Structure formats: C-alpha cells, structure tokens
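Quick note on PDB author numbering: the sequence shown kicks off at 39 and runs consecutively.
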Amino acid sequence: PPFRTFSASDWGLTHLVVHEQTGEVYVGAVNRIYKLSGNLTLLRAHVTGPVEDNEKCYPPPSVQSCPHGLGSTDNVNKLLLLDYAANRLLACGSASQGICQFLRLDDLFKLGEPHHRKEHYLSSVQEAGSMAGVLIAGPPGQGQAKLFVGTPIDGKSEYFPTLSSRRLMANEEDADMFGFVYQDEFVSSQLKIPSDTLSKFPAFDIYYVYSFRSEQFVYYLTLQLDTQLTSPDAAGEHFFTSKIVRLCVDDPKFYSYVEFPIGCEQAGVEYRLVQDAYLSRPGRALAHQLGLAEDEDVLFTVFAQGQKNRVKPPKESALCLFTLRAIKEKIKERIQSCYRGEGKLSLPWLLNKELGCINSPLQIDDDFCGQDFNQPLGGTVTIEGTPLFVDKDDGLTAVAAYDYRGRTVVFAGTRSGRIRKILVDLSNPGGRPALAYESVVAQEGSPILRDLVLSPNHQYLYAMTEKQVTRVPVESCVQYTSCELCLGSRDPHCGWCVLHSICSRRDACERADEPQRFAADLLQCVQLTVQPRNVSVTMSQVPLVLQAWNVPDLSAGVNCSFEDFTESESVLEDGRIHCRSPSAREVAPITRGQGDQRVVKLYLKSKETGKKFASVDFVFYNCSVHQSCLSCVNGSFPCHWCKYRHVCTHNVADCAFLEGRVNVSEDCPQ
Ligand SMILES: *[C@@H]1O[C@H](CO)[C@@H](O)[C@H](O)[C@H]1NC(C)=O
Ligand SMILES: *[C@@H]1O[C@H](CO)[C@@H](O)[C@H](O)[C@H]1NC(C)=O
Numbered sequence: 039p040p041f042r043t044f045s046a047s048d049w050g051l052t053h054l055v056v057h058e059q060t061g062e063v064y065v066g067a068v069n070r071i072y073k074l075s076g077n078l079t080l081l082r083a084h085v086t087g088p089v090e091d092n093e094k095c096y097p098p099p100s101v102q103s104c105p106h107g108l109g110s111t112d113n114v115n116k117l118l119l120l121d122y123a124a125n126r127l128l129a130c131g132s133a134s135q136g137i138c139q140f141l142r143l144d145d146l147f148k149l150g151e152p153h154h155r156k157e158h159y160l161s162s163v164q165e166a167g168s169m170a171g172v173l174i175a176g177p178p179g180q181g182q183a184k185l186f187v188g189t190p191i192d193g194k195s196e197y198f199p200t201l202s203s204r205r206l207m208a209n210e211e212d213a214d215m216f217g218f219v220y221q222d223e224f225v226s227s228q229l230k231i232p233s234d235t236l237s238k239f240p241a242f243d244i245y246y247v248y249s250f251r252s253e254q255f256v257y258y259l260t261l262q263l264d265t266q267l268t269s270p271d272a273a274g275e276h277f278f279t280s281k282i283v284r285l286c287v288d289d290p291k292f293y294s295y296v297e298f299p300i301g302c303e304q305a306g307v308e309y310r311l312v313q314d315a316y317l318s319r320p321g322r323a324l325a326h327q328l329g330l331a332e333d334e335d336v337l338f339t340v341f342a343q344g345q346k347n348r349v350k351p352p353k354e355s356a357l358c359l360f361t362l363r364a365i366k367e368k369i370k371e372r373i374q375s376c377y378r379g380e381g382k383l384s385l386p387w388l389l390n391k392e393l394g395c396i397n398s399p400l401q402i403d404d405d406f407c408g409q410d411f412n413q414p415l416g417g418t419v420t421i422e423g424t425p426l427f428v429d430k431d432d433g434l435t436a437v438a439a440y441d442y443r444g445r446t447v448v449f450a451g452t453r454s455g456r457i458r459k460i461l462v463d464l465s466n467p468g469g470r471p472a473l474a475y476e477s478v479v480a481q482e483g484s485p486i487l488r489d490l491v492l493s494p495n496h497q498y499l500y501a502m503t504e505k506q507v508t509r510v511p512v513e514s515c516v517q518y519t520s521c522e523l524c525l526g527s528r529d530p531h532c533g534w535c536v537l538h539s540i541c542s543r544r545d546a547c548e549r550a551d552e553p554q555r556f557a558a559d560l561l562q563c564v565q566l567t568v569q570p571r572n573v574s575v576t577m578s579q580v581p582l583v584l585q586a587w588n589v590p591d592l593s594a595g596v597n598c599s600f601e602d603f604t605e606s607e608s609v610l611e612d613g614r615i616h617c618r619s620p621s622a623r624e625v626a627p628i629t630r631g632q633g634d635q636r637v638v639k640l641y642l643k644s645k646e647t648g649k650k651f652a653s654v655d656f657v658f659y660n661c662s663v664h665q666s667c668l669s670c671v672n673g674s675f676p677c678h679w680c681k682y683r684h685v686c687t688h689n690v691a692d693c694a695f696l697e698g699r700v701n702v703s704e705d706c707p708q
C-alpha cells in the first residue's frame, strides 16, 4: 500500500515527538510548529517567525535597545519536548537569544513566552540539532518539575550557560520559569565554559546530541573540540572528540559531573564522531545474550569515521552498542580510582590547571552523587563500543530500536533517505552480529533527521526528512505472497498464517496460539503429498490419499479443490486427507488441447477460513497420442503398448490380446 505523506512549507523541519498516549505528532521546524494526528494529517500549527532580531543583540531588541541594528531572520526551533505533568509543550527557538514558548497541548495556545531575564535565554546559535534534554517532574500534585538542558554558546560564556538544571512551575506566566534550581554565590546547578578556555581556542564549543533518563541519573552524549589535537590557530583543520556525560537528578550543586570519551573500531577503522543515539530496553533475546537483567537498559549509537570536519562528516559510519552496565562500571571505576588518590581529574577544558586526585576513605556506591572534591571528573580511557553494522556507500544518519516478543529490532536511517530494518544476534552461524534484512525508501535524496520514534502501539515509525514526514509501517509483512519467501526474508515480525494464506504479524493470525497455526522456521512450510501423483485420463474418480504436514487440527474441515474446476469435499482420518479424483467428464476440457500431459495444482481449501492454503502438484496424462513402441514405453508413466493393434493405451484389457501386452522397451518389435 502507499506511504502516508505530510509535506512541509517553504522552509524545513527540525524536531518531532509523539504523545505517549494520544499518539499525536508534534513537529518542530523553522518559524513554525506543526501538530499532526495519528495519520500525519495536518491539525493545529503555531507561528514563531521570522522576527526582527540580530544574533549580536544581548538582550534582544524586545527587552532593551541594541545598536548594530537588526533585521528579519528565521527562528529555527532547536528543541522540542513534552510536559505530561502540566499538559503543555516546550518549543525553544533560535530567535531573540533563544527564548522558549509554552504551547498548551490541545490547541497550541501560547500559554507564555518568558523573555525578559538573563536565564530566560539559552543560545544565539542559528544551527539546529545542537540542543537536547529531558524533563523530570517532582512528586505529583506539587507543581515543581526540573529540566536538564544542554546547548552550545558560540563563545558567549557570560550570557548563556552550556548546561543547567532549571525549574518548571505549573504557571507559565511566572517569572521564576527557567530559573536555576540552586543559586548561591559561587556554585550553581550550572556549568559555564571558562573564559580562559575560549582564550586558548576561540570558537570552542560543546554540541549536545542525545539525552535520556536512566535509573536516578541523566546522561548526555556531547561532542567537543579537542583541546589537544587542535592548534590555537582556528583555521579549518580543527579536530573534535565525542564524550558521554552523566549527572544525578538529585544533585543540586553539580558535583556528580563526569565525562568519558566514546567510540569503536572494526577491522582497524576508527569511529569517534557521534551522530545519533537511542535508549532501549533490549528485549529478552539480547538480554540473556549479554547477561543484562530485565530492567537494565541499553544504548545504540552511531559514529562517523575520524575526528575531522563535523559540519559534514564523511559517509563511512558505524552502528555501535554500549551497555548501561559497562558505563556504570567505567564510572564507578574512574571515581573509585580517584577516591583512592590515583591519577587526577582530567578535563582539560573545564579546569585548565591540572588539579590532582585526592585520597578519601569513602566507599563509592552505584548511587554516589559526588562531593566537593575530585569533581568534575574526567575520562582517561576512551570507552570502546561493540560494532553491529558498517556501510561505506550510503551513509547512516539516524537510529531507533525496540523489542518484539523477545527479538531485538534496529531501525537505521540513511543519507539517501532509506530506513534499513536490522536484526541483531551474536549467536548467528555467520559470526557477524547484524543483518540488514530490508531497505524501505521513505524519500529518495533527503537525509533522515535524527528524531525517529514509534507510535504508542509500536506499529508505525514516523520518519521525518527536511521536506516531509513519512509514516512507514514496521510490520510490512503484506508485500510477501507465499510462505516460501515470507519466512525466508528473516523479518522477525512476519510469519505465515497457514490457514489464511497471507504473510502477516503473529497476533493478526486467528487462533495462532493453538499448535500448527503459525509458521516459525523455514523448514516448516506446509507440505502435501499425493498417492498416486499421476493418473491416466482413462481413469475416473479414483480414491487418492494425501498426507499434509505442518497443518493444524483440520477437524474444522477441509476440501480438495482442483484449481478452479472441482471442489470435492474431503474426509479426515488419522493424519491423511482422503478425497476423490475428478470424473473424466470434468477432466475432458482440461486435457483438450494440451497434448501429452497436464499438471494441475491440488489445493486444500479449509472450511474454517474458506481459502486455499496448501498446494501439491498433480499430473494427468494420455498414453494415446504416443506414436511408436519407444514413444509409448520410454514415457515415464505406466503405459502399455499393444503391438497387435499398433496403439498406445493404459488399461491392458484394451490390447488385441493379452500376449500383445508390451510393458518394457525391450519387448518392442523391430
Ligand atoms: C486521518 O484520520 C482522520 C481521523 O478522523 C480522518 O478524518 C482523516 O480523513 C484521515 N486522513 C488521511 C489522509 O488518512
Ligand atoms: C506415478 O505414481 C506412482 C504412485 O504414486 C509412483 O509410484 C510412480 O513412480 C509415479 N510415476 C511417474 C512417472 O510419475
């Protein structure tokens, strides 16, 4: 069937998110904020630009006068999140130093847009995709909600923090919105880049890709400019280095900060340029394969080769895997290694002067949220990842995943606009851990954007490009017509509903829990055999006996349908299906014309469904047309040559005399 489509205006899209319950689709974009419905039908929208502003205006002209001017410029939506507790939506733009609006859920009514404080502004960058974060509501009923936000600052370190823990009041008009959850004379739930570090390398910055809540913490995948591999001259050879970061939800002074490099390799190829990430529960399959508990989560990642460029990395990309276990371990290992006095905190950009690790007798837990020394703590060894798939022709751009009845499925967007469906398994008799079993095309010629989430019923995945969104069905099982290639494609959702003769999902096959109703393994397609397989046109209604294999309890009833000429009703005994061959009256127009023999499909039509599902080849033949003694005998099937009548027939009473019976080729006359 065709692809559900939603085009865009004259500009471009940036962010999407789905209400976990209503399945509605909120879409962030330049100047606009579209809200769609379950089938990508355009609903409500909300306009936010262009506005009169200059990037050089701190504060924006809408609060205090500015020299250097202004001019109408586009307001790119950089971040977009849902506040389920307060039933609203936060869409942060790039205009007027990046204020944020609060659109009420059910009509996008501008509930507020606080735009007059210093900490009401977030960043003056014009690029999108560099901001990310999550919300954390406190105890319900008690109107506070925390919100952890990271963004680049383009060297404007006095104005905007690069990472904070601001507050969310229930009343949007309030001026305490977006205020830091802990404020004192020196440390705040903040993290400004030192004016020193920008003095070494001018436009150093932290770009923030993904962010997810896990246990009682929040993690970020950042990408910073390398303080080592880059000379102070900021020409165009500047290299970058990807690093994870982690905080506590309950850490007001921001002592728990921690930062480890990430990457992976396969066949000696380096991958250290992060692109996208998705936090998923791995499903019972990959869980027991990896040793993880049923509540422990996993993070899929996408790294580009090398450390250069970044604004347009090279195509070669890899889909690597990091376990939440191995990360809580490398953390409790670097902060256990510190609270022992070994090494030193190693954040060359945040600390400048190499403070050393301090000894301490405190014994670290899994839930240790830092103390006033040995923080913020750096990363010494680059965390290495497990490669699942590499592609060199058509680059990878986005990722997502989920589980199906144990199995672990990975969806990956491409720069060409396709979305490959990946199955990950380590015990595959190939060694290799991932197979690209499909390549749906959502829109040729447009890179997929990194936002790529499923509907609540996990049935569809909304795939957004710059130009349009495309509701692609996960279970695209219908395209396959026969058991032989429905299960041979290796789609984990697809099995063959044997009695309905269709390739579909498991719960869509009626009564599929009873034995022999759904088809799992390739060596289990329906098989039918006939005794006898061949009969001469001279015979009529001879009783056949058929043995069907891998079929359910057919006591519901089954018919013998000879293509579309007869519909004999059958009887069932033990494991065999008895029914009658056609009468030669039915057979007559069938062989009228063909010549030597004709094969016909013996189907099994079930009474429960009414549709034919099992096939087997059945053959008729007519010994008459054969002209010589060798034409008769050497034919495969049992034909008798009547040497005295000079004809070829079946039933030997047809010969001139018995002694005219010629069965074998050697009894031919010369
Ligand atoms: C989408 O669903 C709504 C639900 O009422 C329906 O009115 C609308 O016609 C549908 N549009 C498309 C294109 O499927
Ligand atoms: C015809 O059918 C009989 C019984 O099913 C089988 O033994 C024989 O080998 C078959 N021969 C041909 C030529 O199909």
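Backbone N, C-alpha and C fix where the C-beta goes; we use that ideal spot for every residue, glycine too.
Top-ranked residue by Cα proximity to residue i, from the options
i	options	result
residue 256	269, 283, 239 and 219	283
residue 173	204, 199 and 625	204
residue 481	453, 466 and 491	453
residue 131	122, 91 and 123	91
residue 96	76, 238, 136 and 285	136
residue 127	324, 165, 151 and 112	151
residue 345	308, 328, 518 and 333	308
residue 487	518, 234 and 438	438
residue 100	83, 153, 52 and 110	153
residue 700	73, 679 and 687	679
residue 86	93, 64 and 114	114
residue 682	689, 676 and 693	693
residue 303	375, 420 and 314	420
residue 367	393, 471, 404 and 196	404
residue 566	618, 633, 654 and 492	654
residue 110	103, 468, 89 and 331	89
residue 171	133, 250 and 105	250
Distance cut-off 7 Å: residue i Cβ against heavy atoms of ligand 2
i	result
residue 571	yes
residue 770	Past the edges of the chain, shown from 39 to 708, lies residue 770, and the structure says nothing about it.
Whole-Å CB distance - residue i paired with residue j, under 8 Å assumed
i	j	result
residue 176	residue 208	Contact flag wrong, Cβ pair sits at about 11 Å.
residue 259	residue 312	6 Å
residue 426	residue 359	6 Å
One or two residues paired with residue i in a DSSP bridge
i	result
residue 184	174 and 205
residue 110	90
residue 542	533
residue 423	302
residue 120	127
residue 43	508
residue 588	DSSP output for residue 588 lists no bridge partner at all.
residue 258	249 and 283
Check your understanding: Does the region 239-258 come close enough to the region 176-196 that 3 or more CB-CB pairs lie under 8 Å?
Key -> yes
Check your understanding: Contact between the region 280-298 and the region 401-409: three or more CB pairs below 8 Å?
Key -> yes
Check your understanding: Taking one C-beta from the region 395-405 and one from the region 271-278 each time, how about it: are there three or more such pairs within less than 8 Å?
Key -> no
Point to revise | Environment of ligand 3 in chain order, Cβ to heavy atom below 5 Å | key: This structure lacks ligand 3; its bound ligands are ligand 1 and ligand 2.
Check your understanding: Okay, do the region 314-330 and the region 266-275 touch, 3+ Cβ pairs below 8 Å being the bar?
Key -> no
Practice item. Assess, as a yes-or-no matter, whether the region 48-66 is touched by the region 111-124 under the definition of 3 or more beta carbon pairs within less than 8 Å. Key: yes
Check your understanding: Is the number of C-beta pairs between the region 494-503 and the region 412-424 that are closer than 8 Å three or more?
Key -> no
Review point. Are there three or more Cβ pairs, one per stretch, closer than 8 Å when the region 512-529 is compared with the region 468-483?
Key: Contact between the region 512-529 and the region 468-483 is present, because at least three Cβ pairs lie under 8 Å.
Practice item. Decide yes or no for the touch test of the region 564-581 against the region 658-677: beta carbon pairs closer than 8 Å, at least 3 of them. Key: yes
Check your understanding: Does the pairing of the region 630-649 with the region 584-600 give three or more beta-carbon distances under 8 Å?
Key -> With a cut-off of 8 Å on Cβ pairs, the region 630-649 is in contact with the region 584-600, counting three or more such pairs.
Check your understanding: Do three or more CB pairs link the region 453-468 to the region 379-397 at distances below 8 Å?
Key -> no
Review point. Given 8 Å as the limit, is there contact between the region 349-356 and the region 423-440, that is, 3 or more CB pairs closer than that?
Key: yes
Check your understanding: Are three or more beta carbon pairs between the region 141-150 and the region 158-168 nearer than 8 Å?
Key -> no
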